[PDB]
Each structure stands twice: as structure tokens, then as C-alpha cells.
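The chain below stands alone and is given as C-alpha cells, in the form deposited in one PDB entry.
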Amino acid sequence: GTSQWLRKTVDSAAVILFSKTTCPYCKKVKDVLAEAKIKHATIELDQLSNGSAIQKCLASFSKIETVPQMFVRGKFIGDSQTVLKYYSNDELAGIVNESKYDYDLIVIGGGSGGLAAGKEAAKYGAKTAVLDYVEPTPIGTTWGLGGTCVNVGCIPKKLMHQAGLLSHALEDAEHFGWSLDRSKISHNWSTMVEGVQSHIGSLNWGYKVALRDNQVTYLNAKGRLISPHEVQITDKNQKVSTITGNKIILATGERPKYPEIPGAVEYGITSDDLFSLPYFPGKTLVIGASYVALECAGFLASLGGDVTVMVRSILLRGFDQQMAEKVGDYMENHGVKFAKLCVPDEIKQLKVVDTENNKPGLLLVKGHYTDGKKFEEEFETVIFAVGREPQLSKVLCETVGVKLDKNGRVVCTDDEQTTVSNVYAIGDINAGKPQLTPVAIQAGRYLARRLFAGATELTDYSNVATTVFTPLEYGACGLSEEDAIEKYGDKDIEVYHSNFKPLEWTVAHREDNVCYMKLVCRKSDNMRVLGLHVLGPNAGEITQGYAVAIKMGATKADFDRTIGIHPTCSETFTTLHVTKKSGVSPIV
């Protein structure tokens, strides 16, 4: 059992030292490597259980049973005297640099998972390249290093969400005694875009500095895997070349889809364009009903826009539908309009974007409702949020042999391995995994440690908590109510729930019975918490701590016996008692 772990670690590591904490001969070698500025993995054999068995099994590669032993790319290099002989003869640097390949690791894609995989691999001596290239949108929008979240995703959207929230802050301040007139204050879109884009630019720059200070080679070029170990690159001048790597990580992400209808690509935009748009969108139509669509429609309305959402069927497909409907009712009562059971047919241009004076165009949208009735209205901006997809034909040559699924995502084992033994995939293109930035970052960091440091820890993809940052935020961990009932049967499911009102909302005269939370529990398993759901302010900060308890198997009793922090919204989870089966009202 242990023998095949050691073969795997020795064959994959770039520079690895087998050591012991107590040994000073090991200390002698560590310092030689530190002074020579050689980075490497170290496996302190006294700090592991089967450590005495590994010391003996090392001899299969080296013919010695003692410590230290140093390896470079699968090859035994020496004990303390032999490495010191290489240092003293200036043979060391050429030994640790000799490789069959240009790089130990090539990462295709410089986003959340790719940059994390890259930086972590370089820590343990892997010679690493990171490739990133941002294909422009149809109107030519492009951005810097860091991926979807940093440039056109979580970071800009939560910053605009905050701008929206500050509007109700201004309203609330009058009731708390501040002398301002909310009625006489307006919002400047381009001022906000300049602040958001300036922060994004400091992140582009930070990532490039991080790569340089880890000796990671960053190539702003489009990557294409033509064979298991060969990557073809194409730079800004359209110059083609080929580099080789031992291990390959695909981390190229996704991009927004367009519907197959006239005018969409020509006259619409997507979220890729929204976050650096130079003019205010004006009267906007959002087509779609995913979290992206609702989040954007949500802050556009809070900033003062005339906003409409076109919903084919339901909101937030895949999420708990009671919570989804409460999310949607809140938005509808605070000035988002909904065109229900409606799909688009064409977009007609009426005015071209006034690019000089910084103004939007004018469009005609024509569609029909699900019964047959017709839709026709004019908008200044149309935003499509109808899903995202990878396009691995751009990245991946079919002859290489990497299996994809029917959606176009990479089929992987539970350690991210593809059907080609040295190629891996992480992040949104890994089939079946939650498409979330913290997931990609963990997957990337954990894989790098297994490749180049002898680690065994895998990424746990179950019960990952989410938050939808609509004007009233919605946090969740675990199963929706309908999924629990389906998997276990309604007679085994108990649901504790309650409305609540933040203390902050009392003096501000906000609504009484709009915030809501519930625990979905399995009776036959000690009333285990199957899913947690909360609609209210700061839902992400509320939910996050409970994801730890859910990972650990929390039960209703665990929540009961824990004491609240007062006054908070979150404490309401510690005294839930009304069940749905009882019929009692959840109001306060």
C-alpha cells in the first residue's frame, strides 16, 4: 500500500528531500539548498505514521536506508556528502534543472483555479508556466489577468451590489437622525465604473507581481494542447510556437452564451460587457433568470434604472424554489418588473450606440408569451444572461484523447485526472462540480500538493455553501427542501422555519415578515440538518460559519444546545421551533 504512494511521489516531484526534524545532516542539506535558492518539497519522515516503513522502502530507489535522501524528477541524487560534492563543484544547478520537458507544469488559463494551482506548484520547486488570454467579446471588450471572478464576475458584481445597498442606507439614515434628503440625491454610473475598474486593475497588477515573485513564467498567449505533453501557443503578434510540460492543468473557464435569434450578438450585451460599460445602461431588459440575471437586475434598479426581467419558466432553477420565489417577490416590490413565461424572438436596432457623447443606443425587442400572446417594447440596453459554456475545441485537440461529456466539460476522476494520465482539469470545466471561485481555488491548490509534494488530501465537493447577492441576499448550504423530500420521502423530512426582522430595520420602518430562514432535517437520522436556507441582509456572513457545522454532521439538537449572540439575525437559527407539519404561522 505505502509502496505505491512512494513511487508516485518520487516520480512526480520536481525536487523533494526526505528528511527528519531531529537530524542535523538534513539541516546541512536544507541550508545548502536555501542558500543555492533551490525550492523543493520536504517530507519529514518522523512526523508521519508509517514513516519507519517509508525509510526502508526508499532503498528501492537509492540502495540506502538513511536520511537525508534527495531526488530530482524521479532520480536519486545523493546523501549529505554527495549533494555537498555537487555544490562544491558547481554541478548542482545543472542537475536540478535537467528535465525531459521545458516545464514541470503548464497551466492553460489564468483565472481562479489556474493562478492558484500555478503559485502553489512553484512553492515546491516545480518549474511552472501559466498561460492566459482573454478573447474579446463581440463588441471588443477585453480585460487583464485573473479570470472571470476578478474581472467580470464576483468582484465587480458585489461592488455594484454594495453601491445599490448604499441607497437604502441613505434612506435609513434619516430615520436614525441624520439630516439628509434622500429624495434629492442621484447616482453617477461612470463614477462608479471608474472606482470598480481601478480596483480590478490593482488586482491584475497584483497577480502579475505574485507570479514573478514565485518564478512562475507568465505568457499572455492562447494555449492549445496538441499532444499529451505539447502545448501550442499564439501570442499578440500571432506568432506560433510549442512548449512542453510534464504535467498539464486545464483551467480555461467558461463564457456567456447567446440565444440563437436575430440581433442578439449585434445589439445585445452580456455580463462580460456590463462591468466596464462607459455609459449608464438606461432602460434595460435582462433576459434570463439565473443568479447572474437577478443580481444584475437587482443593483441596476437600486441605482435608479428602469429594469425588466424576462423569465422563460422559473427563477433560479436548481435552487430551493420557495426561497427563489421569496427572492423574486422582494425584487418585484422594490422596483424590478417581471415579464413572466416569456422568451425573445428578435432584437431590432433603432439607434446606434452614441459612442462620442457616451450614450446608449435604442432597441426594439419582440417576443411571445408561453400561451401565444405577443411581447413588444423598446429598451436602451439588452443584457443576455442565459447560461455559460466552455469551448474546449478552442483549447483541446480531439486527437489527444481527453474525454468530454455531452455539455462539453471534462470527465475527471475524483482527483481531477482526465482520461490522459498526465492531464488534469479544475474549476468550471470539471464536469459535475460546483462552479464557484473558492472551489476552483481549493481544487487547484490541493492538486499541486499531490503532484509535487506527496500530499494525499482530495477536494471535498459536497455541501458547498452559496450566496446569491440579490437586493435581499439568499444564503444556502446543502439540500433544497424538494430535493430532500424526493431523496428521503415526505414522512422522513421535518422543516423548522421562521420569519425575522433585523433590529436595524425597526427604526427604519422596513418590512416585518420578509426575511425568512429554515432548516431541512431528516427524522430517521437524529434530525440531521440536510439543508440550511436564509433570506436576509449579510446572508453570506450568516451562512458561512454554519457550513463548518454541516460538514461535521450537525443535528437540530446541536443548533438547539448552542447559544445565540444577541442582537444578530443569525441567532434566530439557534431557537427554531415551528414546524411546517404543525401548520403554525412562522410570522413574528
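In case it trips you up, residue 1 is the first one in the sequence shown, and so on.
There is another form of the same protein, the form solved in complex with a small molecule; it is not shown, and what comes next is about it.
The small molecule in the bound PDB entry is approached by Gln321, whose closest heavy atom lies within 4.5 angstroms of it.
In the bound PDB entry, the small molecule sits within 4.5 Å of a heavy atom belonging to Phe338. Under a 4.5 angstroms non-hydrogen atom cutoff, the small molecule in the bound PDB entry has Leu315 among its neighbouring residues. By the criterion of a heavy atom within 4.5 Å, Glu174 is excluded from the residues contacting the small molecule in the bound PDB entry. This chain lacks the partner; the member of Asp512, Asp90, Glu325, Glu486 within 4.5 angstroms of the small molecule in the bound PDB entry by a non-hydrogen atom is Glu325. Just one of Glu98, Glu332, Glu346, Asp490 comes within 4.5 Å of the small molecule in the bound PDB entry, counting any heavy atom, and that one is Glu332.
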